[PDB]
């Protein structure tokens, strides 16, 4: 979810910097990251990847490194089929389906399996699923003929130069993701990567819904080459970035605009307040050091309090209810940082839930709407303050219910707890503006909550000679029953005390503990 790459020119020492900061569930298994370092006579790579992957997706070495963020590349389309006479209406007539008879075994509970017949129907578009409501949906997924995904990342992260890196990138074997890049040679790059069907008509929201499946009018067959996709290289701004925002402000002096690409590639929706902070933290700072770069990554600002408390608060002070009045003074006194000691933050999240929806995205409410012309400051103000205040009222009840008081310290309700380690939390929801994210869970009956998702692997690398890199894994490097490497780094994360990442033999030779010779 967060990615930053800065060019020598914007740094103090003259060496490019990279931020690897993916945000994912702390529990779903295929999303678990693991950190490793592989060294061979011909290559070397350090980084994190999702368990089960033979190659490192977030990697770096002495020469270069890359990082990813979800871009949501629309690589499949779901067609609503018009069923009729045992086939589907398509163009002029009824076409019969391709039918394969498959079958699978089902574990019983008594240890036995039973055969389960499974009939796979396919329209010319792709396989057919019947939704619970009866809609027959055929899924057409792009890139099914791209066998080389793993090797692509592999030849990509072991590239000898940008030029060699982009050639690998160019094979279009990796179907999604924004991928950011950086060199000890100084080039930095941002690519809206993915496999995207070439289409003749349609806004991206059109392609994300049920496209009609009655016409070859909507059956694409080709996909875009890398050079048809949004990309930025060594921009005038001296940095690139992506925090899941659409690809329209990847660097600040921007280098292209939504008019320059097919409208089905990426949306043109408001950028996250976290995305907006990403651009401000980068553009507004110069002569960056690894240290300041790392300080900036910890940013935990309640950007949405900055966009609303000005109108909100005086409105609330004139409320008759003494408690609403007292809520507004607690809010007015807040430095607007989701810090552990903050007594106003919880109360504010709860107001923002109502004012901006359960996921805090949600623009109704603001007085002046979002705009690409002021991409980093526009969703702003409160439209109907009286409404907003009745929301603050409801929110006080909520906060009280959920946490037992409206002024409980943020870090006493928000906890990071792994095994028997229980440390205070800081930072929070990305959509409220916090750059460092911890999507807190709902509270248990003691008002304690933990992160459901957010910071997982976090590394920052300066491409000096030798390379210098620091990082941390929220949920340690193993969740196998009984390791001492699950709850291992959480208290470090609570203090933002990063470990130096060791790539040099001498540093490895010295930190050795646990050791295994093999021969294959």
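Positions refer to the first chain, counted from 1.
Higher mean CA temperature factor between 81 to 89 and 336 to 344: 81 to 89, per the PDB entry.
The stretch 113 to 121 shows the higher mean C-alpha B-factor when 383 to 391 is compared against 113 to 121 in the entry. Annotation for 233, 308, 135, 297: 135 ranks highest, by Cα B-factor. Each of 409, 375, 175, 430 has a CA temperature factor in the record; the biggest one is found at 375.
In the PDB entry, a CA B factor belonging to the lowest third of its chain's modelled residues is recorded for residue 2. The entry lists a Cα temperature factor for residue 12 that places it in the highest third of the chain's modelled residues. Split the chain's modelled residues into thirds by C-alpha temperature factor. Residue 324 is in the highest one. When the modelled residues of the chain are ordered by their C-alpha B factor, residue 360 lands in the highest third. When the modelled residues of the chain are ordered by their C-alpha B factor, residue 512 lands in the highest third.
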